[PDB]
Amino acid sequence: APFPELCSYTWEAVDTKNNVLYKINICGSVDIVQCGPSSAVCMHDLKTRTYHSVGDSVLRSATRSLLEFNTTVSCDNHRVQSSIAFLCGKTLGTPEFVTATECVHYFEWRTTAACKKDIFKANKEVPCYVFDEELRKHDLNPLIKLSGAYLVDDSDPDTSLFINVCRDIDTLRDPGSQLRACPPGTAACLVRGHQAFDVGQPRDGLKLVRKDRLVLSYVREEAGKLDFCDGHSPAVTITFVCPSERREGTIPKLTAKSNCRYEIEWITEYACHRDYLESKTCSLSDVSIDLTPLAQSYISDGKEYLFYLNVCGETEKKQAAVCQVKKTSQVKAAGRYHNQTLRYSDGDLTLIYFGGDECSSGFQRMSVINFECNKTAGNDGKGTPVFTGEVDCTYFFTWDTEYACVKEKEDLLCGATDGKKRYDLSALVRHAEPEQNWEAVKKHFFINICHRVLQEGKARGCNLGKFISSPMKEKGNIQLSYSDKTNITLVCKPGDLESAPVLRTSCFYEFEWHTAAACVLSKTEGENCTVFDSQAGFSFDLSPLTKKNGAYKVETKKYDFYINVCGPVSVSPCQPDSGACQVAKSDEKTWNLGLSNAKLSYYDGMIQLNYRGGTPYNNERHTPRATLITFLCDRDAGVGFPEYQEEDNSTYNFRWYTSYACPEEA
């Protein structure tokens, strides 16, 4: 019951309505001063910064699915208590708030840790959620792959980085996969043809670094063999960002990869806040869910009792959704419609019946149903409740049914891949522009790509214009299925972004478009601070960012870095030829992080600068320092500021979000 895979972390659940945050530690105690020592569940209040412990680590007991943390302080009932109802899950999960009184506090937790067979357990998994400062919940548990991995986008054809989110990669029951050669325990697998190396393992949980960005770090450390990483400990730092109209969705992209210190930006909807829904219904609402189909008697074998459940209706003393009968025939109501509560809470469907007859103790009976998704449940889809424990006369049940399976995506990307080949239509996108729409040859056929129509001649602000689903690689081309329908075929025409879609076919519609946007993406280089993508139509030019008497200053804990774009830096201690320079804030000792130059690299929306001159290190290898600046497209960032990436002591990577990297330039 004190499952190991959950110990050594302090978890968090939130009473979204009463404005309360609970900290849970199922093995030790919360590290906090303010709710004393050996508090296993520490309640605290956002109104009234008042931190009251509501479960002690020593006073711990289990009964069936429930783990119980009792206290000695009194409430009256009599003493304050916290329970967690455990269900087997597909990932490590997070405890969710169910309900509380002034005595009891109830949580539920779907986790692999409560599964009895160890096949469902990852070699190593870490918490995969954060709370922001509005207590809104960012949870990446849906991105976690139980089998396989995600290929990270990179320009190099000979090597591929594969990652999983918050756990290692499961290579099993897929022997044909190229991942098979990857050593076990790896969250981040580098393959070079036929070798497979471990460049990162799960360590700590998801962090929130600067109000909005989720950061996860894989490390290796205890391995040794810096084969081709020349002295550096391999590492992977993923940065998860919530899509905008400043920055729309992407696949995971490799923004840096020197010295086996890999950096990954990944813009995906699963990074945005999770909404906590509620109602006094059997229906909720991102997307809908309806539990009225199950009102169809349901019964569950209890301790020495039977439970009778009629959820959502009476099926025809009464007014009692759940009734308890001792197997002797005296009966008690365990919950009624006088307040029933249906919660969808970060993927968890939970139903409480708050009525109930008062028991011999001071408690008024209560019933909690945790619905689980099962398409092939039984009772042709409706399934059947299972009694899973009782505490202070609250009775818990778990209920597989197909009518709990409502798990909708819509992280629609405007690209497509085919092995390592990637395609991206972002150049066609016209977004609330001074630009017009596209017009092929309403009123006139007006088209936009992975975006609503613009009101330039005005069509229909959302005749029928669809505008959902991601594009796919059809018969040698890219197909875009606009669904209510319009099928758009886009054909690679190197160099041409100027031309428009065409006629072809009049409730079905078909357009054909020859565009450089339909060409496979590839890496290009340029000089004089410009880079020309010839298969696409255009060039990027970062020269406006070039300072004349340089210095973009970048302050960290111990260092100030001074860098310029495509020209040298010019401040007090630095050598006048470096494009990047490190000054220690206590000592003013200075390192040269590489000579400036104006050769731009460009691949799939990332522009790169590499300074390579650089003060040597203290070793036989002659190894001079180097600097990487990755420029990333942020439409409304403007010129933007550089940002140092924390790595080891000998890697100098900067990220720079700027409009000048976005597909509006020369």
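Sequential numbering from 1, following the sequence displayed.
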**Message:** Neighbours in the displayed sequence, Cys462 and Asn463 may still hide a gap; how many deposited residues lack coordinates there, none, 1 to 3, 4 to 9, or 10 or more?
**Reply:** 10 or more
**Request:** Please say, as none, 1 to 3, 4 to 9, or 10 or more, how many residues of the deposited sequence are without coordinates in the interval between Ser285 and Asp286.
**Result:** 4 to 9
**Complete:** The stretch carrying the higher mean Cα B factor in the deposited entry, 104 to 112 or 224 to 232, is 224 to 232
**Prompt:** Per the entry, where is the mean C-alpha temperature factor higher: 522 to 530 or 347 to 355?
**Reply:** 347 to 355
**Item:** Residue with maximal Cα B-factor (values as given in the PDB entry) among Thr398, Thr255, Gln319, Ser217
**Value:** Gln319
**Member of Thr91, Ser539, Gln340, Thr384 with the greatest C-alpha B factor (per the PDB record)** = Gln340
**Prompt:** If you rank every modelled residue in this chain by C-alpha B factor, which third holds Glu435: lowest, middle or highest?
**Reply:** highest
**Asked** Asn448: which third of its chain by C-alpha temperature factor?
**Response** highest
**Prompt:** Taking the entry's C-alpha B-factors for this chain, is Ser53 in the lowest, middle or highest third?
**Reply:** middle
**Request:** State the tercile, meaning the lowest, middle or highest third, of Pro175 with respect to the CA B-factors recorded for its chain.
**Result:** highest
**Request:** Consider only the C-alpha atoms of the modelled residues in this chain, order them by B-factor as the entry records it, and name the third containing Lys17: lowest, middle or highest.
**Result:** highest
